[PDB]
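*Asks:* Questions regarding the structure given below will be posed in turn.
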Amino acid sequence: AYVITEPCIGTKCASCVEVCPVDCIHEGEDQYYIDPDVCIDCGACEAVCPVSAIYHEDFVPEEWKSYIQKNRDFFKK
Ligand code: SF4
Ligand code: SF4
């Protein structure tokens, strides 16, 4: 699954929204949060993010693997 990280934070972004096949893009008020566990491993949202920052959970660096955990955790609650 593909997940947001850090160069995405920025008080009410709107791009990775009405594109996701399975509507698994959720706000953490400031920024969107992808449920990796609902995301069907596509590549649309990244291509849409006008920064290029959404990477595979595996690919996101260990420093930022914290966000993969957070993204997981958000909805596993
Ligand atoms: S488009 Fe990019 S910057 Fe915006 S919320 Fe999504 S991932 Fe974050
Ligand atoms: S990669 Fe696709 S399925 Fe996954 S969150 Fe992004 S748009 Fe949705």
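Positions of Cβ are generated from backbone atoms using ideal geometry, with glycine treated the same way; all protein chains shown enter the neighbour counts. FYI, it's all coordinate maths here, none of it is from the lab.
*Asks:* If you stretched the chain out fully between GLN69 and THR11, how much longer would it get, using 0.36 nm times the residue separation minus the C-alpha to C-alpha distance?
*Replies:* Here the segment from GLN69 to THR11 would lengthen by 18.7 nm.
*Asks:* When the Karplus curve 6.51 cos²θ - 1.76 cosθ + 1.60 is applied with θ = phi - 60°, which whole-Hz ³J(HN,Hα) does each residue of region 52-58 get, with x for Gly and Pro?
*Replies:* Values, residue by residue: 6, 7, 7, 10, 4, 3, 4 Hz.
*Asks:* Here's another thing I want to ask about it. If we sort 36-43, 54-61 on the protection proxy, mean other Cβ atoms within 10 Å, highest first, what's the order?
*Replies:* 54-61, 36-43
*Asks:* While we're looking at this one, here's another question. Using amide H atoms built 1.01 Å from N in the peptide plane, name the residues 5+ places from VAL3, or on other chains, whose amide H lies under 5 Å from its own.
*Replies:* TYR55, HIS56, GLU57
*Asks:* Could I get the Rg over Rh figure for the chain? Both from C-alpha atoms, Rh via Kirkwood, rounded to two places.
*Replies:* Working: Rg = 10.9 Å, Rh = 12.1 Å.
Rounded to two decimals, Rg/Rh equals 0.90.
*Asks:* Tell me, what is the FRET efficiency for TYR55 and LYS77 to the nearest 0.05, using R0 = 22 angstrom and their Cβ-Cβ distance as r?
*Replies:* Efficiency, rounded to the nearest 0.05: 0.40.
*Asks:* So what is the 222 nm mean residue ellipticity for the chain from helices alone, if each DSSP H run of at least 4 adds -39500 (n - 2.57) and you divide by all residues, rounding to the nearest 500 deg cm²/dmol?
*Replies:* About -7000 deg cm²/dmol.
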